[PDB]
Structures are given as structure tokens and as C-alpha cells.
Amino acid sequence: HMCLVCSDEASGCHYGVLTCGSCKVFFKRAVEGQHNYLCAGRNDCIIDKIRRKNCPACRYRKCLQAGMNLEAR
Amino acid sequence: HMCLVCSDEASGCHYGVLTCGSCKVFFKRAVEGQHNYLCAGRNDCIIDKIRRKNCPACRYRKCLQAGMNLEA
DNA sequence: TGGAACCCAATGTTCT
DNA sequence: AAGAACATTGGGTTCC
Ligand SMILES: [Zn+2]
Ligand SMILES: [Zn+2]
Ligand SMILES: [Zn+2]
Ligand SMILES: [Zn+2]
């Protein structure tokens, strides 16, 4: 299938969730770092393969929403 | 000293409009090179100092309609 | 599967 | 004013 956050081609199941590799490192980066991002829209940006980069705020919300956590295993 | 695009550090009329330096470069790059910018919202994103990075579609649109143009 | 370390794309600066 | 040229940040891929 495709990633459950961004719809790119998934690379397997990471931090609990079928994601592609990019969202994997992105989530890892967001959780261990700061993630104080601001949405420039209405906190419901569409996170597809190109737009992934537009809004880290919504991208991270979606990661959370889909269930990602560092302690999956 | 308020940029007509990202309402930031306004530094004189670039490409026909009072703009910051970062919006200066962005515009020439947007028109010159080819990328594809698509809005992830509603084609009305908030383009301010922190958030201008988030949506180049909307930033680019705000540029064009604030009068911006090269070979001015 | 999880993470390191490359590598790269875009932005924003300074300097001319 | 315009633009060459850095520097940097954030992102995404590669691990004969
Ligand atoms: Zn993804
Ligand atoms: Zn958003
Ligand atoms: Zn500006
Ligand atoms: Zn937008």
C-alpha cells in the first residue's frame, strides 16, 4: 500500500504505522526535536507527496492521528 | 518598512514592489525556474514571516497580485 | 523494523 | 535597485 499519512509508497510499518520512509524519519525528527510548527491554513492541510513539505504542523498531526509512537515495540 | 507580501523586513521596491530580501529572491526563482507549487489548503494561506515558507503557491500568488514583475 | 549518515532541495543571508 | 554567492534548515534516501 501507501503511507497512511502522506500516500507516497509505504516502505513497511514504522512506529506502529504503515508509512513511507520519509514520514518515518519526519515523525522521528518531530518527536525527538521541537515540532513547534504553525499551520498557514486551517489545520487541515492535504498531506500528499508534494504537499508533505508545505505543512509540517498538519503532517505531524496526521502522524499522531494515525497512531505513531516511538515505543511501538 | 512592512513588506507587501510577507509583511516583514521591507527593503525598497524589488521587481516593482516594496518587499523583503527573502521575497525578492523567491520571486525571481519562482518565475525563472520551474517548480510545481500546489496549495494544500484553500488557495488563501496566511503568508507572514514565519509561515511564508509553508506555501509557495500562495506566496507566489500574493507576489504576482501585489504588482511584482521582473524586467520591471 | 529503527537509526545513522549521506545527499539534496529550497530559503534567506550577505556581499558586489 | 538586481543578482552572484555564499550558508543553513529541513527533508528524504542509502546503507558493496
Ligand atoms: Zn508518507
Ligand atoms: Zn496545515
Ligand atoms: Zn516579504
Ligand atoms: Zn496555500
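Sequence lines set the chain letters: A, B, ... in the order given, protein chains first and strands last, and positions in each chain run from 1. Side chains are part of it too, since the values below use all heavy atoms of this structure and drop only hydrogens, waters and symmetry mates.
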Worksheet item: Side chains of B:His35 and B:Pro56: does their closest heavy-atom pair fall under 4.5 Å?
Response: no
Discussion item. Students often get this wrong, so: under 4.0 angstrom with heavy atoms, is A:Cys13 touching a base, only sugar-phosphate, or nothing?
Written reply: sugar-phosphate
Worksheet entry | Where the sugar of C:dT13 falls when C1'-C2'-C3'-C4' decides north versus south | north
Worksheet item: From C1'-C2'-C3'-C4' alone, north or south for the sugar of C:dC8?
Response: south
Worksheet item: In terms of side-chain heavy atoms of B:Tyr15, which of C:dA5, C:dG2, D:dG3 is nearest?
Response: D:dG3
Item to complete: Return the value, rounded to whole Å, for the distance between atom CZ of B:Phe26 and atom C1' of D:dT8.
Response: 18 Å
Worksheet item: Which residues, if any, of residues 55-64 of chain A bring a heavy atom under 4.0 Å of DNA chain D?
Response: A:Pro56, A:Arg59
Worksheet entry | Whichever of B:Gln34 and B:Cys20 has its nearest DNA chain C nucleotide further upstream toward 5' | B:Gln34
Worksheet item: Tell me: NZ of B:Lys49 to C1' of C:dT11, nearest whole Å?
Response: 11 Å
Can I get a per-line list of side-chain donor-acceptor pairs under 3.5 Å for residues 41-50 of chain B, giving both atom names and the distance, sequence neighbours left out?
{"from": "B:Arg42", "atom 1": "NH1", "to": "A:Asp44", "atom 2": "OD1", "distance (Å)": "2.9"}
{"from": "B:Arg42", "atom 1": "NH1", "to": "A:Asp44", "atom 2": "OD2", "distance (Å)": "3.3"}
{"from": "B:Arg42", "atom 1": "NH2", "to": "A:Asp44", "atom 2": "OD2", "distance (Å)": "2.6"}
{"from": "B:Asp48", "atom 1": "OD1", "to": "B:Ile50", "atom 2": "N", "distance (Å)": "3.1"}
{"from": "B:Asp48", "atom 1": "OD1", "to": "B:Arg51", "atom 2": "N", "distance (Å)": "2.7"}
{"from": "B:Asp48", "atom 1": "OD2", "to": "B:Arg51", "atom 2": "NE", "distance (Å)": "3.2"}
{"from": "B:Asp48", "atom 1": "OD2", "to": "B:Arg51", "atom 2": "NH2", "distance (Å)": "3.2"}

Worksheet entry | Residue closer to the 5' end of DNA chain D, A:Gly21 versus B:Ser11 (nearest nucleotide) | B:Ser11
Item to complete: Search all heavy atoms of A:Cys23 against all heavy atoms of A:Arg59 and return the closest pair with its distance.
Response: SG-NH2, 3.3 Å
Item to complete: May I ask you to test the B:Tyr60-B:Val31 pair for a side-chain heavy-atom distance under 4.5 Å?
Response: yes
Worksheet item: Separation of B:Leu70 atom CG from D:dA2 atom P, in whole Å?
Response: 9 Å
Worksheet item: Does the C:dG12 base have a donor-acceptor partner in the side chain of B:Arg52 within less than 3.5 Å?
Response: no
Item to complete: Search all heavy atoms of B:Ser11 against all heavy atoms of B:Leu18 and return the closest pair with its distance.
Response: N-CD1, 3.8 Å
Fill in: C:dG2 - base-pair partner by Watson-Crick or wobble geometry, distances under 3.5 Å
none
Worksheet item: Once you round it to whole Å, what is the distance between P of D:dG12 and CD1 of A:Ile50?
Response: 11 Å
Response to the item:
Heavy-atom closest pair (A:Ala66 atom, A:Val17 atom, distance to 0.1 Å) is O-CG2, 3.2 Å
Discussion item. Is A:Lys28 close enough to C:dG3 that one of its side-chain N or O atoms is under 4.0 Å from OP1 or OP2 there?
Written reply: yes
Worksheet item: If you look at every heavy atom in A:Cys20 and A:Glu9, which pair is closest and at what distance?
Response: CB-O, 3.2 Å
Item to complete: Could you please name the partner base of D:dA4, counting Watson-Crick and G-U wobble pairs only when both distances are under 3.5 Å?
Response: C:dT14
Discussion item. Any side-chain N or O of B:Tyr37 below 4.0 angstrom from OP1/OP2 of C:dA10?
Written reply: no
Worksheet item: Atom NE2 of A:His35 and atom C1' of D:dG11: how far apart are they, to the nearest Å?
Response: 18 Å
Discussion item. Could you tell me how far apart B:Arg29 (CZ) and C:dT13 (P) are, to the nearest whole angstrom?
Written reply: 11 Å
Item to complete: Take atom CG of A:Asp48 and atom P of D:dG11, then tell me their distance rounded to the nearest Å.
Response: 15 Å
Worksheet entry | B:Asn54 CG - C:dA10 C1' separation (whole Å) | 13 Å
Worksheet item: When only distance counts, do a donor and an acceptor, one from the side chain of B:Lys24 and one from the base of D:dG3, lie under 3.5 Å apart?
Response: yes
Response to the item:
Note: B:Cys39 and B:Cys58 closest approach over all heavy atoms is SG-SG, 3.7 Å
Item to complete: Assign B:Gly12 to base, sugar-phosphate, or nothing according to its heavy-atom contacts below 4.0 angstrom with the strands shown.
Response: nothing
Fill in: Any B:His14 side-chain N or O less than 4.0 Å from OP1/OP2 of D:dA2
yes
